[PDB]
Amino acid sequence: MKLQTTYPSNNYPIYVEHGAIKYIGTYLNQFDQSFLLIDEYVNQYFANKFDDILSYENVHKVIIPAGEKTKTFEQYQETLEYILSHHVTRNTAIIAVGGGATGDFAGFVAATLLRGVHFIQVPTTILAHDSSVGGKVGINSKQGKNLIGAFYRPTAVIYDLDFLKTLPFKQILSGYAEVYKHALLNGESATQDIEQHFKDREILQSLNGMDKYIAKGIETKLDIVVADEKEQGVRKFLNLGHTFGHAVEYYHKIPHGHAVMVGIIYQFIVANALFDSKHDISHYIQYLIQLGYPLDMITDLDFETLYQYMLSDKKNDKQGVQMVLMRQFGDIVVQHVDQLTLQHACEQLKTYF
């Protein structure tokens, strides 16, 4: 499946298929130099496959910390200064081989090096089906997730589904949060169409039919980022369950997708309090449990603390916290939520556990 952005100009292709790794060849041959920024762990799993391309040496490897460890200024400055010592040209390319963390970090590097160089997205995670699309890139700050970054369109997005076969369940859970999130944004018939498929851990962990739902998430996103690239409108909906997700993630250092799931439930609880949406909270929580989501940690969730991180959410305004809420399927709204409401939403979510 080959998709592609449809902006007035400067568009990129999104190759999503098994073995898509074959498309990298053409690109590598078009650049003066290329820097393969690869995840520390991902490096171990696939170093072999790269030892070849890393022979013609105008192609270099840059091993970075795995996961969130890489999204920091220090790693950013270190990496930038390192590449620059190669006397690079503007016709260089930063190839991000890894998950959203690698993509975000390497993307920010591509976006700033000489004010901008070529950027190839090489997603290796399920979750990365969401992150490798949209041009949003960046690193974290002491005040929270993704506070420094940019909107930088990659040159291409090469998604070789074979990469998924090696994902442990923890990652399958983390990455499913995004897939599911896209189902929620696609309405009731879509949300149940996926709950009836990935009913339990057995099916999820098998990844059967995951491809279908991944392409579905990528399509749901492509349209949203093409319609509202700089997130001035509907793209904000993609942040569903991220106001609390990002707060829980940064403070508790748990997997990104896991945090999103907690935030989604939180988002529902808030919706019930503000609109009396009658969201079956027990329904959503049962589904997580069955999928294998830990969710024990929350037993020590300090709202007072988390609120500080939510107070940095890039969705906020002068009034304060702005959340993406599902008043009900098909009816998503973006609005301010007072800390009184938010605080009760957290005390209640905690209660369930």
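One-based numbering along the sequence shown. Take the two forms, find the largest set of C-alpha atoms that superpose within 1.5 Å, and that set is the rigid core.
Structural divergence in 4 other deposited structures of this protein between 248 to 256 and 104 to 112: following superposition by the core, 248 to 256 has C-alpha atoms lying farther from the shown form. Once the structures in 4 other deposited structures of this protein are superposed via the core, the pair 283 to 291 and 42 to 50 is resolved in favour of 42 to 50 as the more displaced stretch (C-alpha RMS). Looking at the other PDB entries for this protein, residue 56 is absent from the model in a third or more of those that include the residues around it. In all of the other compared structures of this protein with flanking residues present, residue 328 is modelled, so it falls below the one-third mark for missing coordinates. Once the C-alpha B-factors are averaged per stretch, 101 to 109 and 154 to 162 rank with 154 to 162 first. Stretches 36 to 44 and 291 to 299 differ in mean C-alpha B factor, with the higher average recorded for 291 to 299. Sorting 208, 146, 125, 75 by the CA temperature factor given in the entry leaves 208 at the top. Among the modelled residues of its chain, residue 70 has a C-alpha B-factor that falls in the lowest third, as given in the PDB entry. When the CA B factors of the chain's modelled residues are split into thirds, the value for residue 171 lands in the middle one. Among all modelled residues in its chain, residue 323 ranks in the lowest third by Cα B-factor. In the deposited entry, the Cα temperature factor of residue 188 sits in the middle third of values across the chain's modelled residues. Sorting the modelled residues of the chain by their CA temperature factor places residue 312 in the middle third.
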